[PDB]
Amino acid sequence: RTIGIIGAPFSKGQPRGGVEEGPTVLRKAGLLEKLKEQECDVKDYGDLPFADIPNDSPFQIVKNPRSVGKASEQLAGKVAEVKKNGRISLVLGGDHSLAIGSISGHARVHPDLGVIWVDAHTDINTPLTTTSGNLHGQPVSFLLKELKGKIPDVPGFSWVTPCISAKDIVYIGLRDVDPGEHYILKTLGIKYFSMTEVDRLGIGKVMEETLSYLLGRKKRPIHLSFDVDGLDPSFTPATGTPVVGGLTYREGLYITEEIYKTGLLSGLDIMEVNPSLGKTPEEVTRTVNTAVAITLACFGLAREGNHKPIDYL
């Protein structure tokens, strides 16, 4: 498809800094070229320059609110631009707090978007339910219209406007959900397939239901926010908050291959890849290679093979 690459070297949504290297190691893995090696029209909007905000004391327990709120605000504008250019936005990021700006900017051009969130976590803590204060675990709370009222005025986010309903999002891969988050899950009726549902139904049925659930009433643009820690750490170890028992490399590709086939992918986030956290050089390459593979699947690379519309014989 027509892609618009946007690097988001940001890490203040959490404590470990190496995550802002995500765009670099991914590009250095030949991501742009690989995409071009397919049927992809690729334009790199470069890495966004996230100005330093020296004065950013916590808002209550919440950390680096101004820099996070600013990075998402900046990212939101960029995504809206690439979307206005008729391209699928590919946000190579740092931490997942950036999802706030990516989904926000996407919904400005396509307010009817549906979101598929692959993650070991729900990232739906509010500034009042979070125990860690890390904003990469709160993005979803800022985007949900139903949680509009339980989100205090946090410095840096006054530009935010909830753009999606609890019913326009589906979670896949959950295995470490906080108590308040689970409460929000059940209270708002959010559709999710934790690792338990994946085990019960199999990833094939999981994807069937996910797409049917989001595209049933009518076809609508799809936003895929892929947190690499959604996959098992044996595949993506170089990430900040790994949790054992994750989705397999195969399941990761199955998810993306199916989304690609809908022809409705319009926004994509590949987040939380932190090279600095690899215990070895191999753990880093393994994490980056897996991250690239998932990305390519979103844009056509199929395991059964691919061929141009010509007579090869």
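Throughout, we count residues from 1 along the sequence that is shown.
Here the stretch with the larger average CA B-factor, out of 297-305 and 20-28, is 20-28. For the pair 46-54 and 251-259, the record assigns the higher mean C-alpha temperature factor to 46-54. In this entry, the residue among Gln38, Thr287, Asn64, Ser266 with the greatest C-alpha B factor is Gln38. Of the residues listed, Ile151, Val243, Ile172, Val228, the entry assigns the biggest Cα temperature factor to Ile151. Sort the chain's modelled residues by C-alpha temperature factor and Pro155 lands in the middle third, per the entry. Ranked by C-alpha B-factor against the other modelled residues of its chain, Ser132 falls in the middle third. Among the modelled residues of its chain, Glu81 has a C-alpha B-factor that falls in the highest third, as given in the PDB entry. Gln138: CA B factor in the lowest third of modelled residues in this chain (values from the PDB entry). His106 sits in the middle third of its chain by CA B factor, as recorded in the PDB entry.
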